[PDB]
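What follows is start35.cif (mmCIF, C-alpha atoms and all ligand atoms).
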data_work
loop_
_atom_site.group_PDB
_atom_site.id
_atom_site.type_symbol
_atom_site.label_atom_id
_atom_site.label_comp_id
_atom_site.auth_asym_id
_atom_site.auth_seq_id
_atom_site.Cartn_x
_atom_site.Cartn_y
_atom_site.Cartn_z
ATOM 1 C CA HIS A 4 68.714 30.895 30.156
ATOM 2 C CA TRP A 5 67.586 30.987 33.763
ATOM 3 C CA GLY A 6 64.488 32.762 35.051
ATOM 4 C CA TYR A 7 61.528 32.256 37.348
ATOM 5 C CA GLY A 8 59.234 30.054 35.332
ATOM 6 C CA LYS A 9 58.322 26.343 35.675
ATOM 7 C CA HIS A 10 60.957 25.528 33.071
ATOM 8 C CA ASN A 11 63.899 27.634 34.055
ATOM 9 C CA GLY A 12 63.116 28.721 37.623
ATOM 10 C CA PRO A 13 64.888 28.148 40.990
ATOM 11 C CA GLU A 14 64.522 24.343 40.951
ATOM 12 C CA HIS A 15 66.446 24.209 37.656
ATOM 13 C CA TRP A 16 69.237 26.602 38.442
ATOM 14 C CA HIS A 17 71.564 24.011 39.993
ATOM 15 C CA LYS A 18 72.154 22.374 36.634
ATOM 16 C CA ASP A 19 74.086 25.407 35.377
ATOM 17 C CA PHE A 20 75.107 26.860 38.735
ATOM 18 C CA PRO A 21 75.910 23.845 41.003
ATOM 19 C CA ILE A 22 76.613 26.215 43.905
ATOM 20 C CA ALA A 23 72.791 26.458 44.069
ATOM 21 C CA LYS A 24 73.033 23.450 46.447
ATOM 22 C CA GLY A 25 76.046 24.910 48.358
ATOM 23 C CA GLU A 26 76.704 25.448 51.973
ATOM 24 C CA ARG A 27 75.811 29.174 52.334
ATOM 25 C CA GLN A 28 72.913 29.847 49.933
ATOM 26 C CA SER A 29 70.357 32.637 50.211
ATOM 27 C CA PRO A 30 67.689 33.523 50.993
ATOM 28 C CA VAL A 31 66.807 31.738 54.246
ATOM 29 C CA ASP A 32 63.988 31.644 56.714
ATOM 30 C CA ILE A 33 64.801 33.834 59.720
ATOM 31 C CA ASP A 34 63.556 31.934 62.824
ATOM 32 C CA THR A 35 63.302 34.820 65.233
ATOM 33 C CA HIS A 36 63.262 32.654 68.288
ATOM 34 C CA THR A 37 66.567 30.879 67.252
ATOM 35 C CA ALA A 38 68.409 34.090 66.235
ATOM 36 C CA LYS A 39 70.649 35.271 69.000
ATOM 37 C CA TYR A 40 71.485 38.840 70.061
ATOM 38 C CA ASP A 41 75.164 39.442 69.363
ATOM 39 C CA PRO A 42 76.933 42.010 71.556
ATOM 40 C CA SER A 43 80.028 41.854 69.348
ATOM 41 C CA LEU A 44 78.102 43.723 66.531
ATOM 42 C CA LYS A 45 79.295 47.337 66.115
ATOM 43 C CA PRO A 46 76.707 50.012 65.349
ATOM 44 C CA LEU A 47 75.516 49.866 61.629
ATOM 45 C CA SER A 48 76.266 52.986 59.544
ATOM 46 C CA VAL A 49 74.335 53.626 56.280
ATOM 47 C CA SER A 50 75.954 56.760 54.741
ATOM 48 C CA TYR A 51 74.064 57.654 51.560
ATOM 49 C CA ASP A 52 74.336 61.480 51.644
ATOM 50 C CA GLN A 53 76.400 61.657 48.451
ATOM 51 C CA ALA A 54 74.736 58.716 46.638
ATOM 52 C CA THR A 55 74.725 59.282 42.863
ATOM 53 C CA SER A 56 72.121 57.224 40.950
ATOM 54 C CA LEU A 57 72.666 56.829 37.172
ATOM 55 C CA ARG A 58 70.144 54.602 35.464
ATOM 56 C CA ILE A 59 67.296 52.168 35.908
ATOM 57 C CA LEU A 60 67.310 48.945 33.866
ATOM 58 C CA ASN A 61 64.807 46.139 33.171
ATOM 59 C CA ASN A 62 67.134 43.119 32.932
ATOM 60 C CA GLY A 63 64.416 40.615 32.080
ATOM 61 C CA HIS A 64 64.338 39.244 35.693
ATOM 62 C CA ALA A 65 63.676 42.399 37.783
ATOM 63 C CA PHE A 66 64.782 46.085 37.585
ATOM 64 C CA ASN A 67 68.053 47.507 38.857
ATOM 65 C CA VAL A 68 68.820 51.107 39.872
ATOM 66 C CA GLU A 69 72.529 51.670 39.249
ATOM 67 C CA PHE A 70 74.839 54.014 41.103
ATOM 68 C CA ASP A 71 78.160 55.630 40.326
ATOM 69 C CA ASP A 72 80.560 53.666 42.509
ATOM 70 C CA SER A 73 83.785 55.316 41.194
ATOM 71 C CA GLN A 74 84.248 57.362 44.499
ATOM 72 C CA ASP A 75 83.461 56.622 48.257
ATOM 73 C CA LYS A 76 80.019 58.251 48.068
ATOM 74 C CA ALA A 77 77.392 55.901 49.361
ATOM 75 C CA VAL A 78 78.776 53.399 51.847
ATOM 76 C CA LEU A 79 77.746 50.848 54.426
ATOM 77 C CA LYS A 80 79.903 50.009 57.385
ATOM 78 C CA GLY A 81 79.722 48.739 60.939
ATOM 79 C CA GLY A 82 77.448 45.985 62.202
ATOM 80 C CA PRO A 83 79.030 42.738 61.274
ATOM 81 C CA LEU A 84 81.211 44.365 58.592
ATOM 82 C CA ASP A 85 84.951 44.812 58.586
ATOM 83 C CA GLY A 86 85.850 47.865 56.514
ATOM 84 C CA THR A 87 83.831 49.864 53.999
ATOM 85 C CA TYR A 88 81.352 48.614 51.380
ATOM 86 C CA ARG A 89 80.291 50.819 48.477
ATOM 87 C CA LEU A 90 76.752 50.936 47.052
ATOM 88 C CA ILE A 91 76.525 49.708 43.454
ATOM 89 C CA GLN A 92 72.864 48.962 42.880
ATOM 90 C CA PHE A 93 69.412 48.247 44.291
ATOM 91 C CA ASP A 94 66.901 45.696 43.064
ATOM 92 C CA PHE A 95 63.561 44.369 44.138
ATOM 93 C CA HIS A 96 61.744 41.018 44.160
ATOM 94 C CA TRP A 97 57.969 40.796 44.372
ATOM 95 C CA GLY A 98 54.931 38.685 44.030
ATOM 96 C CA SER A 99 51.858 38.155 41.851
ATOM 97 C CA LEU A 100 49.713 38.654 45.085
ATOM 98 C CA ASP A 101 50.390 40.621 48.262
ATOM 99 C CA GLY A 102 50.889 37.385 50.267
ATOM 100 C CA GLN A 103 54.149 36.446 48.611
ATOM 101 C CA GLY A 104 57.130 38.128 46.981
ATOM 102 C CA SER A 105 59.934 38.372 49.510
ATOM 103 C CA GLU A 106 62.985 36.085 49.342
ATOM 104 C CA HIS A 107 63.839 35.954 53.028
ATOM 105 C CA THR A 108 61.025 35.005 55.324
ATOM 106 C CA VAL A 109 60.490 35.726 59.007
ATOM 107 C CA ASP A 110 59.125 32.742 60.987
ATOM 108 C CA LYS A 111 57.965 31.462 57.559
ATOM 109 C CA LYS A 112 56.042 34.715 56.816
ATOM 110 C CA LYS A 113 56.410 36.002 53.272
ATOM 111 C CA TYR A 114 56.222 39.776 52.685
ATOM 112 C CA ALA A 115 54.831 41.327 49.443
ATOM 113 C CA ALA A 116 58.322 42.271 48.225
ATOM 114 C CA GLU A 117 61.928 42.709 49.201
ATOM 115 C CA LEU A 118 64.465 45.424 48.385
ATOM 116 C CA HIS A 119 68.247 44.737 48.156
ATOM 117 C CA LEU A 120 70.840 47.546 48.468
ATOM 118 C CA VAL A 121 74.023 45.904 47.106
ATOM 119 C CA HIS A 122 77.458 46.949 48.217
ATOM 120 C CA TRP A 123 81.006 45.733 47.536
ATOM 121 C CA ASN A 124 84.007 45.648 49.849
ATOM 122 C CA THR A 125 86.342 48.459 48.761
ATOM 123 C CA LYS A 127 89.382 46.351 49.820
ATOM 124 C CA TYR A 128 88.797 44.387 46.509
ATOM 125 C CA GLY A 129 88.857 47.368 44.143
ATOM 126 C CA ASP A 130 85.640 46.662 42.272
ATOM 127 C CA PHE A 131 82.565 44.583 42.110
ATOM 128 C CA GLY A 132 83.892 41.842 39.848
ATOM 129 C CA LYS A 133 86.922 41.085 42.077
ATOM 130 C CA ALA A 134 84.744 41.348 45.211
ATOM 131 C CA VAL A 135 82.350 38.611 44.057
ATOM 132 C CA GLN A 136 85.310 36.160 44.032
ATOM 133 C CA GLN A 137 85.752 36.695 47.784
ATOM 134 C CA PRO A 138 83.847 35.247 50.787
ATOM 135 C CA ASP A 139 83.398 38.718 52.300
ATOM 136 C CA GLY A 140 83.135 40.589 48.930
ATOM 137 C CA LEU A 141 79.524 41.890 49.231
ATOM 138 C CA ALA A 142 77.118 43.280 51.809
ATOM 139 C CA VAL A 143 73.460 43.341 50.954
ATOM 140 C CA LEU A 144 71.035 45.372 53.017
ATOM 141 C CA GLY A 145 67.626 43.682 52.726
ATOM 142 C CA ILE A 146 64.359 45.489 53.463
ATOM 143 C CA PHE A 147 60.888 43.939 53.502
ATOM 144 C CA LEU A 148 57.847 45.653 51.904
ATOM 145 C CA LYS A 149 54.281 45.260 53.201
ATOM 146 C CA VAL A 150 51.199 46.708 51.573
ATOM 147 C CA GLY A 151 49.584 49.550 53.445
ATOM 148 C CA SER A 152 50.417 53.286 53.304
ATOM 149 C CA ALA A 153 52.292 54.592 50.260
ATOM 150 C CA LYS A 154 56.042 55.097 50.580
ATOM 151 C CA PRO A 155 56.694 58.558 49.096
ATOM 152 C CA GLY A 156 60.351 57.874 48.515
ATOM 153 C CA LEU A 157 59.440 54.999 46.242
ATOM 154 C CA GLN A 158 57.142 56.890 43.990
ATOM 155 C CA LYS A 159 59.852 58.190 41.657
ATOM 156 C CA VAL A 160 60.785 54.586 40.962
ATOM 157 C CA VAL A 161 57.208 53.534 40.316
ATOM 158 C CA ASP A 162 56.612 56.462 37.928
ATOM 159 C CA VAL A 163 59.611 55.587 35.712
ATOM 160 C CA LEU A 164 58.643 51.875 35.213
ATOM 161 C CA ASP A 165 56.321 52.665 32.304
ATOM 162 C CA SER A 166 59.452 53.664 30.329
ATOM 163 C CA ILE A 167 61.256 50.354 31.005
ATOM 164 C CA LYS A 168 58.366 47.931 30.513
ATOM 165 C CA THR A 169 60.343 45.279 28.636
ATOM 166 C CA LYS A 170 63.601 43.346 28.891
ATOM 167 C CA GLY A 171 66.672 45.377 27.921
ATOM 168 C CA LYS A 172 65.028 48.787 28.306
ATOM 169 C CA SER A 173 66.775 51.477 30.479
ATOM 170 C CA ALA A 174 66.065 55.113 31.536
ATOM 171 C CA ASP A 175 68.023 57.952 33.096
ATOM 172 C CA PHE A 176 67.626 57.784 36.754
ATOM 173 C CA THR A 177 69.662 60.559 38.246
ATOM 174 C CA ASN A 178 69.244 62.383 41.557
ATOM 175 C CA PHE A 179 67.354 59.646 43.313
ATOM 176 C CA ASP A 180 67.921 59.428 47.028
ATOM 177 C CA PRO A 181 67.885 55.792 48.237
ATOM 178 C CA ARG A 182 67.547 57.043 51.863
ATOM 179 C CA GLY A 183 63.817 57.475 51.236
ATOM 180 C CA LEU A 184 63.501 53.665 50.878
ATOM 181 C CA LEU A 185 64.602 52.874 54.485
ATOM 182 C CA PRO A 186 62.382 52.250 57.507
ATOM 183 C CA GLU A 187 62.936 54.187 60.749
ATOM 184 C CA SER A 188 64.791 51.449 62.639
ATOM 185 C CA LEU A 189 68.126 49.809 61.656
ATOM 186 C CA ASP A 190 67.506 46.761 63.942
ATOM 187 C CA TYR A 191 68.594 43.765 61.833
ATOM 188 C CA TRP A 192 69.466 40.126 61.492
ATOM 189 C CA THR A 193 72.714 39.042 59.822
ATOM 190 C CA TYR A 194 74.163 35.832 58.449
ATOM 191 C CA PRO A 195 76.665 34.796 55.673
ATOM 192 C CA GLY A 196 74.995 33.861 52.381
ATOM 193 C CA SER A 197 74.959 34.298 48.665
ATOM 194 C CA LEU A 198 73.499 36.225 45.722
ATOM 195 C CA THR A 199 69.865 35.084 45.283
ATOM 196 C CA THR A 200 70.084 34.923 41.418
ATOM 197 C CA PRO A 201 72.600 33.097 39.288
ATOM 198 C CA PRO A 202 75.507 32.983 39.553
ATOM 199 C CA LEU A 203 74.493 32.438 43.209
ATOM 200 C CA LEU A 204 78.001 33.340 44.389
ATOM 201 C CA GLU A 205 78.690 32.808 48.082
ATOM 202 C CA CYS A 206 80.110 36.276 48.769
ATOM 203 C CA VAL A 207 77.462 38.087 50.725
ATOM 204 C CA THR A 208 77.125 39.286 54.321
ATOM 205 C CA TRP A 209 73.350 39.684 54.558
ATOM 206 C CA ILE A 210 71.961 42.433 56.816
ATOM 207 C CA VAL A 211 68.137 42.069 56.868
ATOM 208 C CA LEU A 212 66.173 44.829 58.551
ATOM 209 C CA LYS A 213 63.509 43.804 61.000
ATOM 210 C CA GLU A 214 61.209 46.716 60.270
ATOM 211 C CA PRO A 215 59.399 46.504 56.966
ATOM 212 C CA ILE A 216 58.589 49.577 54.969
ATOM 213 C CA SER A 217 54.971 50.133 53.876
ATOM 214 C CA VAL A 218 54.161 50.673 50.211
ATOM 215 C CA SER A 219 50.706 51.149 48.718
ATOM 216 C CA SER A 220 48.761 48.601 46.825
ATOM 217 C CA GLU A 221 48.965 50.942 43.814
ATOM 218 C CA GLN A 222 52.790 51.117 44.006
ATOM 219 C CA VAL A 223 53.190 47.334 44.041
ATOM 220 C CA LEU A 224 50.597 46.924 41.318
ATOM 221 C CA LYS A 225 52.860 49.029 39.081
ATOM 222 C CA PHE A 226 55.777 46.615 39.666
ATOM 223 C CA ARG A 227 53.502 43.827 38.417
ATOM 224 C CA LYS A 228 52.926 45.609 35.100
ATOM 225 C CA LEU A 229 56.553 45.150 34.065
ATOM 226 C CA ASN A 230 57.378 42.437 31.608
ATOM 227 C CA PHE A 231 59.949 39.599 31.613
ATOM 228 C CA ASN A 232 59.792 39.472 27.807
ATOM 229 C CA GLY A 233 61.403 41.984 25.420
ATOM 230 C CA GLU A 234 59.583 44.479 23.125
ATOM 231 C CA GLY A 235 57.416 42.973 20.452
ATOM 232 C CA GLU A 236 57.352 39.554 22.216
ATOM 233 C CA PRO A 237 54.360 37.694 23.945
ATOM 234 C CA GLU A 238 53.571 39.354 27.285
ATOM 235 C CA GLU A 239 54.682 37.487 30.396
ATOM 236 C CA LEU A 240 54.124 39.759 33.395
ATOM 237 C CA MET A 241 57.147 40.199 35.683
ATOM 238 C CA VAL A 242 55.821 38.733 38.916
ATOM 239 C CA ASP A 243 57.101 36.147 41.418
ATOM 240 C CA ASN A 244 60.802 36.886 40.739
ATOM 241 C CA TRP A 245 61.792 35.557 44.155
ATOM 242 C CA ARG A 246 63.890 32.544 45.094
ATOM 243 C CA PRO A 247 62.417 30.496 48.000
ATOM 244 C CA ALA A 248 64.228 29.957 51.295
ATOM 245 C CA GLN A 249 67.253 27.611 51.141
ATOM 246 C CA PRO A 250 68.696 25.252 53.781
ATOM 247 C CA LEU A 251 70.379 27.025 56.683
ATOM 248 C CA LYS A 252 73.078 24.325 56.952
ATOM 249 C CA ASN A 253 75.885 25.221 59.349
ATOM 250 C CA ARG A 254 74.889 28.862 59.929
ATOM 251 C CA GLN A 255 73.664 31.029 62.771
ATOM 252 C CA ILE A 256 71.553 34.126 62.360
ATOM 253 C CA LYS A 257 72.577 36.836 64.724
ATOM 254 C CA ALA A 258 70.330 39.772 65.876
ATOM 255 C CA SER A 259 71.475 43.309 66.415
ATOM 256 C CA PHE A 260 68.813 43.923 69.046
ATOM 257 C CA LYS A 261 68.129 42.569 72.490
HETATM 258 N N1 LIG B 1 69.908 25.738 34.822
HETATM 259 S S1 LIG B 1 69.199 27.013 34.184
HETATM 260 O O1 LIG B 1 70.271 28.029 33.850
HETATM 261 O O2 LIG B 1 68.041 27.400 35.065
HETATM 262 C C1 LIG B 1 68.398 26.521 32.666
HETATM 263 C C2 LIG B 1 67.160 25.871 32.692
HETATM 264 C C3 LIG B 1 66.574 25.497 31.452
HETATM 265 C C4 LIG B 1 67.184 25.799 30.223
HETATM 266 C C5 LIG B 1 68.395 26.493 30.230
HETATM 267 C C6 LIG B 1 69.013 26.849 31.439
HETATM 268 N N1 LIG B 2 69.303 39.756 44.347
HETATM 269 S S1 LIG B 2 70.888 40.001 45.043
HETATM 270 O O1 LIG B 2 71.234 38.765 45.836
HETATM 271 O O2 LIG B 2 70.968 41.152 46.016
HETATM 272 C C1 LIG B 2 72.051 40.291 43.728
HETATM 273 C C2 LIG B 2 72.898 41.391 43.588
HETATM 274 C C3 LIG B 2 73.792 41.537 42.498
HETATM 275 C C4 LIG B 2 73.786 40.542 41.569
HETATM 276 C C5 LIG B 2 72.909 39.464 41.671
HETATM 277 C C6 LIG B 2 72.024 39.279 42.740
HETATM 278 ZN ZN ZN B 3 67.938 41.064 44.880
#
Show the structure stored in the file as structure tokens.
Amino acid sequence: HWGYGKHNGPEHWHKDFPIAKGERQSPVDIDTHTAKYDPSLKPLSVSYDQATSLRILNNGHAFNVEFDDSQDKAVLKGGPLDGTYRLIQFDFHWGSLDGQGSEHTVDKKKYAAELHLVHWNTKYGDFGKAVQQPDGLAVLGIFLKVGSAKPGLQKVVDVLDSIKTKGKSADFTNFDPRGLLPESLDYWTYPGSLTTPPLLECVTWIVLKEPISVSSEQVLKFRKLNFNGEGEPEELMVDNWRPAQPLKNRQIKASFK
């Protein structure tokens, strides 16, 4: 199966997922000087007041926090989006060192990690039907830098010890994903794909310009997770990021002047 190692990492994925070399792959490098302000963007609306988290899962590649998406309770709308997109999960990607870890880059700069808040277009009824559609998903991407602790992250960090290995999960109710956001909603947007197999080309990416700060201790705890399952040789879960892919025939638009 696929992963992030020398043998099964991003440069191998195309053999089983040929869309890896497609026309709208993610992540990309965001060249800030080439991105253009777009006045046709409507204001972005992140409405997570009634978000209902369920469970946190180590899937052998990263960890996922899962949400109950059976009602319109945590939605993203506006910006480049037509209609309403419902939050299903968040996931992170991070590095073995603070100088790398993010998937998107900004003028070639890599951040220490990247958070993805994944939403599906409610016009398609559920996640699996949405990922067959070119506008099925919207992923809100948020960069993490190392500096001050992010208090809203700490409940995640403290639960990781209970999901150290592949296939482990834990209850993760009553977690408020609002505490993971930066102050500003200024963003870049472009059409792209999932960044892990199956690499489906269904995503409107909305990448926030303002990073959040997390502490060195918080990110160190991410790097104590394991890719392997229980009772197997330890392979620390680090560097679970895909590098930037060709921009091809795409334009990155900015929400801000
Ligand atoms: N192409 S892939 O899914 O990364 C893969 C790589 C090596 C062995 C099996 C699968
Ligand atoms: N890492 S990502 O592009 O946001 C993603 C979300 C759901 C499934 C697979 C990948
Ligand atoms: Zn992700």
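Here the question is which of A:155, A:171, A:30, A:81 gets nearest to residue 64 of chain A using all atoms listed in the file, and that residue is A:171.
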For this session: Let me know the residues the PyMOL selection byres (((chain A and resi 163) around 12) and not hetatm) catches in the file above, as a PyMOL selection string.
Result: chain A and resi 58-61+66+68+157-162+164-168+172-177+179+222+225-226+229
For this session: Run the PyMOL selection byres (((chain A and resi 70) around 8) and not hetatm) on the file and write out the hits as a ChimeraX atom specification.
Result: /A:54-58,68-69,71-72,90-92
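The protein and nucleic acid residues lying at most 12 Å from residue 204 of chain A are residues 20, 21, 22, 23, 24, 25, 26, 27, 28, 29, 132, 134, 135, 136, 137, 138, 139, 140, 141, 195, 196, 197, 198, 199, 200 and 208 of chain A, with all atoms listed in the file considered and sequence neighbours fewer than 4 positions away removed.
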Exercise. Which protein, DNA or RNA residues have an atom within 9 Å of ligand LIG 1 (chain B), counting all atoms listed in the file, as an MDAnalysis selection string?
Worked result: chainID A and resid 4:7 10:21 201
For this session: Enter the distance from atom CA of residue 143 of chain A to atom CA of residue 224 of chain A, in Å, rounded to one decimal.
Result: 25.1 Å
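The residue that comes closest to residue 260 of chain A, out of A:219, A:99, A:124, A:188 and on the basis of only C-alpha atoms, is A:188.
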Would you fill the gaps in segment 38-73 of chain A so it has N, CA and C atoms, then print it as a JSON list (two decimals), in the frame of the given file?
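What follows is the written file part.json:
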[["chain", "number", "residue", "atom", "x", "y", "z"],
["A", 38, "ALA", "N", 67.35, 33.03, 66.44],
["A", 38, "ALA", "CA", 68.41, 34.09, 66.24],
["A", 38, "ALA", "C", 68.87, 34.57, 67.60],
["A", 39, "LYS", "N", 70.16, 34.80, 67.71],
["A", 39, "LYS", "CA", 70.65, 35.27, 69.00],
["A", 39, "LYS", "C", 71.20, 36.70, 68.94],
["A", 40, "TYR", "N", 70.88, 37.53, 69.93],
["A", 40, "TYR", "CA", 71.48, 38.84, 70.06],
["A", 40, "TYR", "C", 72.98, 38.69, 70.16],
["A", 41, "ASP", "N", 73.69, 39.48, 69.39],
["A", 41, "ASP", "CA", 75.16, 39.44, 69.36],
["A", 41, "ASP", "C", 75.76, 40.77, 69.86],
["A", 42, "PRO", "N", 76.34, 40.75, 71.06],
["A", 42, "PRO", "CA", 76.93, 42.01, 71.56],
["A", 42, "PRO", "C", 78.21, 42.37, 70.83],
["A", 43, "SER", "N", 78.81, 41.46, 70.09],
["A", 43, "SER", "CA", 80.03, 41.85, 69.35],
["A", 43, "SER", "C", 79.73, 42.72, 68.06],
["A", 44, "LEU", "N", 78.45, 42.89, 67.71],
["A", 44, "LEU", "CA", 78.10, 43.72, 66.53],
["A", 44, "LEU", "C", 78.33, 45.19, 66.87],
["A", 45, "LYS", "N", 79.04, 45.89, 65.97],
["A", 45, "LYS", "CA", 79.30, 47.34, 66.11],
["A", 45, "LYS", "C", 78.07, 48.08, 65.59],
["A", 46, "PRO", "N", 77.89, 49.37, 65.92],
["A", 46, "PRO", "CA", 76.71, 50.01, 65.35],
["A", 46, "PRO", "C", 76.76, 50.02, 63.76],
["A", 47, "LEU", "N", 75.61, 49.85, 63.13],
["A", 47, "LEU", "CA", 75.52, 49.87, 61.63],
["A", 47, "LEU", "C", 75.52, 51.32, 61.20],
["A", 48, "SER", "N", 76.20, 51.62, 60.11],
["A", 48, "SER", "CA", 76.27, 52.99, 59.54],
["A", 48, "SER", "C", 75.94, 52.92, 58.07],
["A", 49, "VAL", "N", 74.83, 53.50, 57.70],
["A", 49, "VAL", "CA", 74.33, 53.63, 56.28],
["A", 49, "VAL", "C", 74.61, 55.08, 55.91],
["A", 50, "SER", "N", 75.54, 55.37, 55.01],
["A", 50, "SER", "CA", 75.95, 56.76, 54.74],
["A", 50, "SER", "C", 75.72, 57.04, 53.29],
["A", 51, "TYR", "N", 74.50, 57.46, 52.94],
["A", 51, "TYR", "CA", 74.06, 57.65, 51.56],
["A", 51, "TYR", "C", 73.89, 59.12, 51.18],
["A", 52, "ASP", "N", 74.38, 60.04, 52.03],
["A", 52, "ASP", "CA", 74.34, 61.48, 51.64],
["A", 52, "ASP", "C", 74.81, 61.86, 50.24],
["A", 53, "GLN", "N", 75.91, 61.28, 49.79],
["A", 53, "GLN", "CA", 76.40, 61.66, 48.45],
["A", 53, "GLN", "C", 76.06, 60.62, 47.41],
["A", 54, "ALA", "N", 75.07, 59.77, 47.63],
["A", 54, "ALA", "CA", 74.74, 58.72, 46.64],
["A", 54, "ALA", "C", 74.40, 59.37, 45.29],
["A", 55, "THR", "N", 74.92, 58.81, 44.21],
["A", 55, "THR", "CA", 74.72, 59.28, 42.86],
["A", 55, "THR", "C", 74.11, 58.16, 41.98],
["A", 56, "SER", "N", 72.79, 58.19, 41.82],
["A", 56, "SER", "CA", 72.12, 57.22, 40.95],
["A", 56, "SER", "C", 72.34, 57.55, 39.47],
["A", 57, "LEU", "N", 72.38, 56.57, 38.62],
["A", 57, "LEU", "CA", 72.67, 56.83, 37.17],
["A", 57, "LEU", "C", 71.47, 56.47, 36.29],
["A", 58, "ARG", "N", 70.90, 55.28, 36.49],
["A", 58, "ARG", "CA", 70.14, 54.60, 35.46],
["A", 58, "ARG", "C", 69.31, 53.50, 36.08],
["A", 59, "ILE", "N", 68.15, 53.29, 35.50],
["A", 59, "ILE", "CA", 67.30, 52.17, 35.91],
["A", 59, "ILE", "C", 67.13, 51.25, 34.76],
["A", 60, "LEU", "N", 67.21, 49.93, 34.96],
["A", 60, "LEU", "CA", 67.31, 48.94, 33.87],
["A", 60, "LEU", "C", 66.35, 47.76, 34.09],
["A", 61, "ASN", "N", 65.59, 47.34, 33.09],
["A", 61, "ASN", "CA", 64.81, 46.14, 33.17],
["A", 61, "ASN", "C", 65.68, 45.02, 32.58],
["A", 62, "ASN", "N", 66.16, 44.12, 33.41],
["A", 62, "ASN", "CA", 67.13, 43.12, 32.93],
["A", 62, "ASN", "C", 66.49, 41.78, 32.56],
["A", 63, "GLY", "N", 65.13, 41.77, 32.45],
["A", 63, "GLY", "CA", 64.42, 40.62, 32.08],
["A", 63, "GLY", "C", 64.06, 39.68, 33.24],
["A", 64, "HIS", "N", 64.56, 40.01, 34.44],
["A", 64, "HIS", "CA", 64.34, 39.24, 35.69],
["A", 64, "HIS", "C", 63.71, 40.19, 36.73],
["A", 65, "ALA", "N", 64.22, 41.39, 36.85],
["A", 65, "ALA", "CA", 63.68, 42.40, 37.78],
["A", 65, "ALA", "C", 64.05, 43.79, 37.21],
["A", 66, "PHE", "N", 64.12, 44.85, 37.98],
["A", 66, "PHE", "CA", 64.78, 46.08, 37.58],
["A", 66, "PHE", "C", 65.85, 46.46, 38.60],
["A", 67, "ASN", "N", 66.88, 47.11, 38.09],
["A", 67, "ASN", "CA", 68.05, 47.51, 38.86],
["A", 67, "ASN", "C", 68.14, 49.00, 38.82],
["A", 68, "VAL", "N", 68.38, 49.68, 39.92],
["A", 68, "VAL", "CA", 68.82, 51.11, 39.87],
["A", 68, "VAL", "C", 70.32, 51.06, 40.15],
["A", 69, "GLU", "N", 71.06, 51.73, 39.28],
["A", 69, "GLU", "CA", 72.53, 51.67, 39.25],
["A", 69, "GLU", "C", 73.07, 52.95, 39.76],
["A", 70, "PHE", "N", 74.19, 52.83, 40.47],
["A", 70, "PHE", "CA", 74.84, 54.01, 41.10],
["A", 70, "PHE", "C", 76.26, 54.12, 40.61],
["A", 71, "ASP", "N", 76.75, 55.36, 40.61],
["A", 71, "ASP", "CA", 78.16, 55.63, 40.33],
["A", 71, "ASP", "C", 78.93, 55.26, 41.56],
["A", 72, "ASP", "N", 79.73, 54.20, 41.48],
["A", 72, "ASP", "CA", 80.56, 53.67, 42.51],
["A", 72, "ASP", "C", 82.04, 53.95, 42.30],
["A", 73, "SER", "N", 82.36, 55.01, 41.54],
["A", 73, "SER", "CA", 83.78, 55.32, 41.19],
["A", 73, "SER", "C", 84.47, 56.15, 42.32]]
